[PDB]
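Read through the structure below, which is laid out as structure tokens, and then see the notes.
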Amino acid sequence: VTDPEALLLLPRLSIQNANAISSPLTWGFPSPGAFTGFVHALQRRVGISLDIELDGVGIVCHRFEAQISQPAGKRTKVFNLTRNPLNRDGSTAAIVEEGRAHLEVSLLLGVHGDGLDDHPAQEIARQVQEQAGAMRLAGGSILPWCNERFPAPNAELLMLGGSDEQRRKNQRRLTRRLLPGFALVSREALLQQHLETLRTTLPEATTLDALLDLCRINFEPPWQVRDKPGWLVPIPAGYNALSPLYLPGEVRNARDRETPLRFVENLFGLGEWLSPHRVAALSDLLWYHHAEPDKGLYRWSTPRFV
Amino acid sequence: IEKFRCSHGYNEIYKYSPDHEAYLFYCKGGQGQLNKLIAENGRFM
Amino acid sequence: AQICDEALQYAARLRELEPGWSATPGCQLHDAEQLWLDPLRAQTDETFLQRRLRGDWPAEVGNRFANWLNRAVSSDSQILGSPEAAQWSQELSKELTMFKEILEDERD
Amino acid sequence: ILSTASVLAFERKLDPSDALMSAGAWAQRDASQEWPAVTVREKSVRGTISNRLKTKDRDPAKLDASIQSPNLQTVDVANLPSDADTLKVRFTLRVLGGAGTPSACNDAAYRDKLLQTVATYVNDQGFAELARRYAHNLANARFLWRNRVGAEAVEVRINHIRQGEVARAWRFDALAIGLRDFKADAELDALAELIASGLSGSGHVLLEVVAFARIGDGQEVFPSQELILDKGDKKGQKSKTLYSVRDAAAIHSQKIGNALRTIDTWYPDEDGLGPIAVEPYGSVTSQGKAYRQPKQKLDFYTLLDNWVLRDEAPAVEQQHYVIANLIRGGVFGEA
Amino acid sequence: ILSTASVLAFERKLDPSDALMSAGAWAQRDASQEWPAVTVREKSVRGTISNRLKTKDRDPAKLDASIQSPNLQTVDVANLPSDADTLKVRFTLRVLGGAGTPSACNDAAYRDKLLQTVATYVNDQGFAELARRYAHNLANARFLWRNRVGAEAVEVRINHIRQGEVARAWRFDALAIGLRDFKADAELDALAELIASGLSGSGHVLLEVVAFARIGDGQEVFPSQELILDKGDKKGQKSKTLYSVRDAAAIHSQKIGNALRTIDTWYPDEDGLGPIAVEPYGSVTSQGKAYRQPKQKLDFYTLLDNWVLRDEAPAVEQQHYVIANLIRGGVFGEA
């Protein structure tokens, strides 16, 4: 969509029990839809008051730790669960496996609007930080950095630079700040061209199979592993329609009766974990919302990446 | 030029190194470990 | 580019994580680096090491890293006689130039 | 049927020690108990390439570019002091005895046959040629390996050490006694009888062998040479490290032992090439040629198996060689 | 067929020692046995940037910011004392002989052919040109490498050391004997006959070479230079280390040997460029050029392989060069 007028940096945010179950096919880091919905919840809660439009999100993930455990004698992993309460008779309830993970991410969220000129930059930065302190990011509480050495503050970098050199200079200053992490971007063109080459190899190939080929460490005979460009992962890239769009007060047991509902299903794209100084433009690497509601296809990606 | 040399009475496997022109001590074992290492790494360098 | 990325990554996580680069002194720390102790020399010594690092701008780690990275190719006489060593050196020089350009701006 | 035992391990008779090389001045060798040791120190060498090129590197531009980036090494070097012209190499040698008895043997019948064979040898002819040749290799300072090759005068002093002190002293001119002839001498025969009584188990023999060599003031001496890590860069390469026990250069014990065993003048090839060391398939590493190959019937293994199993006793020279291999020690037995 | 041997190691004939440099005053050089040694001491140096810039550092503000921060070093330096104008450089040289025999050689047929080739050379013309040129490089103090270049008067004293004392003493004026002409003399032929009898194996030759040089009071002398570890900070770098054996400055033995070998006036390029050191693919590392490249048929390897294998004996100058390489030593032979 539209380009950001400024680039706010929420600092290293600790999330204690995020949803490690991203999707029915992927586990690990939470879905980027969690971060885009979080930024839209931030806009819904302070962006209408500071007259700004917080839009887009850059995911950095300084550290990650899934609450998993590899069982004895297996190559796979399982999830450490919680003990839910008993039922009304004292019987143990049926265990529903939820993944939990401890994250330390920082969010490069793009901000544009008329509120940039009305308030100081540090003022709106402190406002959205004090709002995000009372929120949750993927089902996990945001730990607010109390009584450590020093709180990591904000810096709203203005994307409009007086030069190209000043723009690259404070961009390099920001990239040094979010440097111990690993930026997550949407790489769907590489998945599409990998589909084309794999279809050239053997026809009627799905890009589900191209995704699966880009995930696995496949071996080749002369033995040599297939090289992979970068840290290629599968991500859930939004939802696809399974149902016609129902009326607000038509579907039974919705969340609300003023919003149209539609039964949907995940869409598994591809993402790439790269170091944040590779991109040379932090105006990119932001995850936006692309609905196109008449067709379905509610999805998120990083447009203007390459 | 053989990649492994078993010293037979002393139960030592010597693997050829190319930097210095000599064999160096690889592991212990006899003919079975020698044949298994030949099957894994291939002889004749 | 990836090996430069994780070298800068290792340097960054050491430089922000621990004060261990200035934990205990001696005679041997390979102190000409001055990148793994960025807040360990300026946030503690005000004019002793911070003015000895901001004007000097110690970014010389690129050529020592190139000497370490030169081991990665085989030391074959045909590999050095062919133009593959020339292509190797020009791409390595470009990537150490980028490592230089990111390593120099540590005083901002 | 009397097959060969699957294990045989013979322990090493003629045990020498690490030979500690110290330095000083000739004409006071008799006061050489406080001579300072030769220290191994580091110098740094720089050499142009001199190895053969493999017809691909014979481009003159590539050759000049290679010699413009020359090889920097450090080397361990050991020299005499600049006021000292004599190298004293002092070790002790134990002659144990009980040569044919193995330290391990599966077959009891083979062990009885081997013990009968060695005892038949010793009764027919004692350790009299073997100890004569060992006493020669103590007398001519062959254990001075490259420290002997240009020496002005070498002199060996061998003391038989009884309960605390010298019981009998020898003193030889190690250059008059050649490196290739086993002659007879009144003192060499006395040392031969002492090593004979040691190898026969009829006495405890411990010799203290001291060898002085006129090399020259500050010249290089050659201790035994170790093998290097090669974990670091190619300029502080450390291309050569030398042996030293405690800040004092030394020759390895098995190098002294290899020079002691150099008695085999009975190999089937030409005898003008001198004695070689007693080895099965009697081989010399410097020449890279294995005399006593098993295609001919003259290695240690076929001679021992013909002597013990099927009673084909070889000629007296070849059984001297077989018993010298039993004195040398080792594991002689299959997998 | 007679292919070349796979290993070929020749031991170094003409062994020099580390050239100890001490200091004193001229006209009492005859009492120069208690002269104090030249000590290697440290001093600080502060340098401006003076190397070439690669058209990215040619900004004036960047260059001024560079010259604002100068580089600091401590360097090892060796000077004469302020009351001594003469540098005495003293070493011993041991001439061994037996130049044809390799110390390690695989093919016995190649070894016999190479021995026959070198014996044919020695019988046709002994070590007489080579010893005359080695005696010149002893006579003119070429082993004083940079300590010779500004000296007012250089005098070399060479003593043949027998059983404990001087058998024959020489004394040369090393500046009248040039660095480039191998002329004839009365005393240089006596030294050439001595080095001839040493290299022929017909006698033990140990020369004590002492060279004096009028440099000047407190002037800098130039011992051999070690290489550094490069481990500490940019202020106390210790960027220069000088060789010393025990608190006494010294030139390396291989540097004295490279100055002694500088006899090769038979390389195909111009002979106004002087003699060079005897190397295979005869190369001077200062000049960065390799004379006797293998694209011409005048390196050591193709000359030796045409002489020994296929009997193509070269001109007597080239076989002087080949036998000078065999005196030089080396690791010859392929892989």
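Taking the stretch E:217-242 as the region of interest, how many residues are in a loop (DSSP other than H, G, I, E, B), of a type in the set (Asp, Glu) and more than 14 Å from chain C (Cβ to nearest Cβ)?
Kept after step one, since they are in a loop (DSSP other than H, G, I, E, B), are these residues of the stretch E:217-242: E:217-219, E:222-224, E:227-239.
Pick out the ones that are also of a type in the set (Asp, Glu) and you get E:217, E:230, E:233.
Imposing the further condition that a residue be more than 14 Å from chain C (Cβ to nearest Cβ) reduces the set to E:217.
Residues flagged as in a loop (DSSP other than H, G, I, E, B), of a type in the set (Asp, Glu) and more than 14 Å from chain C (Cβ to nearest Cβ) within the stretch E:217-242 amount to 1.
Which of the residues that make up the stretch D:59-75 are charged (D, E, K, R), more than 7 Å from chain E (Cβ to nearest Cβ) and part of a helix (DSSP H, G or I)?
Selection gives D:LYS62 alone.
Just the residues that are in contact with a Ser or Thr (Cβ under 9 Å, 6 or more places away or on another chain), more than 14 Å from chain E (Cβ to nearest Cβ), of a type outside the set (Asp, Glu) and closer than 16 Å to D:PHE91 by Cα, please, taken from the stretch D:186-216. Break it down stepwise before answering.
Step one: list which residues in the stretch D:186-216 are in contact with a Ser or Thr (Cβ under 9 Å, 6 or more places away or on another chain), which gives D:196, D:203, D:205-210, D:212-216.
With the extra rule that they be more than 14 Å from chain E (Cβ to nearest Cβ), the set shrinks to D:196, D:203, D:205-210.
Right, trim to of a type outside the set (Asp, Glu) and you get D:196, D:203, D:205-207, D:209-210.
If the condition is that a residue be in contact with a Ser or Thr (Cβ under 9 Å, 6 or more places away or on another chain), more than 14 Å from chain E (Cβ to nearest Cβ), of a type outside the set (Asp, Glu) and closer than 16 Å to D:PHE91 by Cα, then D:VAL205, D:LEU206, D:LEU207, D:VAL209, D:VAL210 are the ones that fit.
Looking only at helices (runs of 4 or more DSSP H) that fall completely inside the stretch A:146-240, which ones have 2 or more residues that are within 26 Å of the chain's Cα centre (by Cα) and outside the structural domain of A:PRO120 (by CATH)?
Filter on the stretch A:146-240 gives A:188-201, A:207-215.
What's the total number of residues in the stretch E:3-25 that are part of a loop (DSSP other than H, G, I, E, B), more than 10 Å from every other protein chain (Cβ to nearest Cβ) and either of a type in the set (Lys, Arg) or more than 20 Å from the chain's Cα centre (by Cα) (or both)?
Restricting attention to the stretch E:3-25, the residues satisfying the condition of being part of a loop (DSSP other than H, G, I, E, B) are E:3-7, E:11-14, E:17-18, E:25.
Next, from what is left, pick out any that are more than 10 Å from every other protein chain (Cβ to nearest Cβ): E:3, E:14, E:25.
So of that shortlist, the ones also either of a type in the set (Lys, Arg) or more than 20 Å from the chain's Cα centre (by Cα) (or both) come out as E:3, E:25.
Count: 2.
Residues that are closer than 26 Å to B:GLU12 by Cα, buried (at least 17 other Cβ atoms within 10 Å of the Cβ) and not charged (D, E, K, R): does the stretch D:260-275 have at least one?
To start, the set of residues in the stretch D:260-275 that are closer than 26 Å to B:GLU12 by Cα comprises D:261.
Then keep just the ones that are buried (at least 17 other Cβ atoms within 10 Å of the Cβ); that gives D:261.
Pick out the ones that are also not charged (D, E, K, R) and you get none.
Taking every residue of the stretch D:260-275 in turn, none turns out to be closer than 26 Å to B:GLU12 by Cα, buried (at least 17 other Cβ atoms within 10 Å of the Cβ) and not charged (D, E, K, R).
Hey, among the residues in the stretch C:57-73 that are within 11 Å of chain E (Cβ to nearest Cβ) and surrounded by 16 or more Cβ atoms within 10 Å (Cβ to Cβ), which one's farthest from the chain's Cα centre (by Cα)?
Step by step, filter the stretch C:57-73, then rank; the result is C:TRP57.
Give the stretch D:68-93 a look and list any residue that's aliphatic (A, V, I, L, M) and surrounded by fewer than 21 Cβ atoms within 10 Å (Cβ to Cβ), or say none.
Just the residues of the stretch D:68-93 that are aliphatic (A, V, I, L, M), to begin with: D:72, D:75, D:77-78, D:80, D:84, D:87, D:89, D:93.
Correct list: D:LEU72, D:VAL75.
If I filter the stretch E:186-200 for residues that are surrounded by 22 or more Cβ atoms within 10 Å (Cβ to Cβ) and out of contact with any helix residue (DSSP H, G or I) (no Cβ under 7 Å at 6 or more places or on another chain), do I get at least one hit?
yes
Test D:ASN106 against the criterion of being outside the structural domain of D:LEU194 (by CATH), surrounded by fewer than 16 Cβ atoms within 10 Å (Cβ to Cβ) and not hydroxyl-bearing (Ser, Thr, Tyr), and give yes or no.
On the way: outside the structural domain of D:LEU194 (by CATH): yes; surrounded by fewer than 16 Cβ atoms within 10 Å (Cβ to Cβ): yes; not hydroxyl-bearing (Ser, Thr, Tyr): yes.
Against the criterion (outside the structural domain of D:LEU194 (by CATH), surrounded by fewer than 16 Cβ atoms within 10 Å (Cβ to Cβ) and not hydroxyl-bearing (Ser, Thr, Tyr)), D:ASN106 qualifies.
For residues in the stretch A:241-262 being touching a strand residue (DSSP E or B) at 6+ places or on another chain (Cβ under 8 Å) and assigned to a loop (DSSP other than H, G, I, E, B), which is surrounded by the fewest Cβ atoms within 10 Å (Cβ to Cβ)?
A:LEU242
Considering only the stretch C:23-43, I want to know if a residue exists there that is assigned to a helix (DSSP H, G or I) and among the polar types (S, T, N, Q). First the steps, then the outcome.
Residues of the stretch C:23-43 assigned to a helix (DSSP H, G or I): C:38-42.
Now narrow it down to the ones that are among the polar types (S, T, N, Q): none.
Within the stretch C:23-43 (the criterion being assigned to a helix (DSSP H, G or I) and among the polar types (S, T, N, Q)), the answer is no, since none of the residues qualifies.
Filter the stretch D:26-55 down to the residues that are in a loop (DSSP other than H, G, I, E, B), more than 8 Å from chain E (Cβ to nearest Cβ) and more than 29 Å from E:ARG328 (Cα to Cα) and list them by number.
D:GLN28, D:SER32, D:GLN33, D:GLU34, D:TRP35, D:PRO36
Any residue that is over 17 Å from D:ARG46 (Cα atoms), outside any loop (DSSP other than H, G, I, E, B), out of contact with any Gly (no Cβ under 9 Å at 6 or more places or on another chain) and facing another protein chain (nearest Cβ under 9 Å) - is there at least one of those in the stretch E:279-296? Before the answer, list the steps.
Here is the first cut: in the stretch E:279-296, the residues over 17 Å from D:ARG46 (Cα atoms) are E:291-296.
Okay, now just the ones that are also outside any loop (DSSP other than H, G, I, E, B), so none.
There is no residue in the stretch E:279-296 that is over 17 Å from D:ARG46 (Cα atoms), outside any loop (DSSP other than H, G, I, E, B), out of contact with any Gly (no Cβ under 9 Å at 6 or more places or on another chain) and facing another protein chain (nearest Cβ under 9 Å).
State all residues of the stretch E:243-255 that are within 11 Å of chain D (Cβ to nearest Cβ) and either of a type outside the set (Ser, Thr, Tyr) or assigned to a loop (DSSP other than H, G, I, E, B) (or both); if no residue qualifies, say none. Show your work before the answer.
Keep residues of the stretch E:243-255 that are within 11 Å of chain D (Cβ to nearest Cβ), which gives E:243-246, E:248, E:250-255.
Hits for the stretch E:243-255 are E:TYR243, E:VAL245, E:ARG246, E:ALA248, E:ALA250, E:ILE251, E:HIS252, E:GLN254, E:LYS255.
What single numbered condition from (1) farther than 18 Å from A:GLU104 by Cβ; (2) not in a strand (DSSP E or B) fails to hold for A:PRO30?
(1)
Looking at C:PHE65, C:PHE48, which one is of a type outside the set (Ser, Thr, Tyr) and farther than 23 Å from C:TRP88 by Cβ?
Checking each option against the conditions leaves just C:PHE48.
Could you check the stretch E:90-112 and list, in sequence order, the residues that are more than 8 Å from every other protein chain (Cβ to nearest Cβ) and part of a strand (DSSP E or B)?
Matches in the stretch E:90-112: E:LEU93, E:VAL95.
Being closer than 19 Å to E:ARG133 by Cβ, in contact with a helix residue (DSSP H, G or I) (Cβ under 7 Å, 6 or more places away or on another chain) and in a loop (DSSP other than H, G, I, E, B), is that true of even one residue in the stretch E:149-168? Spell out how you get there, then give the answer.
So the first thing to find is which residues in the stretch E:149-168 are closer than 19 Å to E:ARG133 by Cβ, and the list is E:154, E:156, E:158, E:160.
After this cut, where a residue has to be in contact with a helix residue (DSSP H, G or I) (Cβ under 7 Å, 6 or more places away or on another chain) as well, the list is E:156, E:158, E:160.
Imposing the further condition that a residue be in a loop (DSSP other than H, G, I, E, B) reduces the set to none.
No, the stretch E:149-168 has no match at all.
Here is a check on your reading of the model: is D:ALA335 within 14 Å of chain B (Cβ to nearest Cβ), over 22 Å from D:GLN254 (Cα atoms) and either of a type in the set (D, E, K, R) or in a loop (DSSP other than H, G, I, E, B) (or both)?
On the way: within 14 Å of chain B (Cβ to nearest Cβ): yes; over 22 Å from D:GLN254 (Cα atoms): yes; either of a type in the set (D, E, K, R) or in a loop (DSSP other than H, G, I, E, B) (or both): yes.
Yes: the conditions hold for D:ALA335.
Within 14 Å of another protein chain (Cβ to nearest Cβ) and outside any loop (DSSP other than H, G, I, E, B): which single residue out of D:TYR301, D:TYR267 fits that description? Explain how you work it out, then say what you get.
Working: D:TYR267 fails: outside any loop (DSSP other than H, G, I, E, B).
It is D:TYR301.
Of the residues that sit in the stretch E:307-319 and are out of contact with any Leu (no Cβ under 6 Å at 6 or more places or on another chain) and crowded, with 21+ Cβ neighbours inside 10 Å, which one is farthest from the other protein chains (Cβ to nearest Cβ)? Show your work before the answer.
Filtering the stretch E:307-319 down to residues out of contact with any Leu (no Cβ under 6 Å at 6 or more places or on another chain) leaves E:307, E:310-313, E:315-317, E:319.
Within this subset, residues satisfying the condition of being crowded, with 21+ Cβ neighbours inside 10 Å are E:307, E:319.
On the way: E:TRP307: 16, E:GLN319: 18 Å.
So the residue we want is E:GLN319.
What is reported rests on the model, the rules as stated and the sources as named; these are not laboratory values. So basically every Cβ, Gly included, is an ideal-geometry build from the backbone, and we count neighbours across all protein chains shown.
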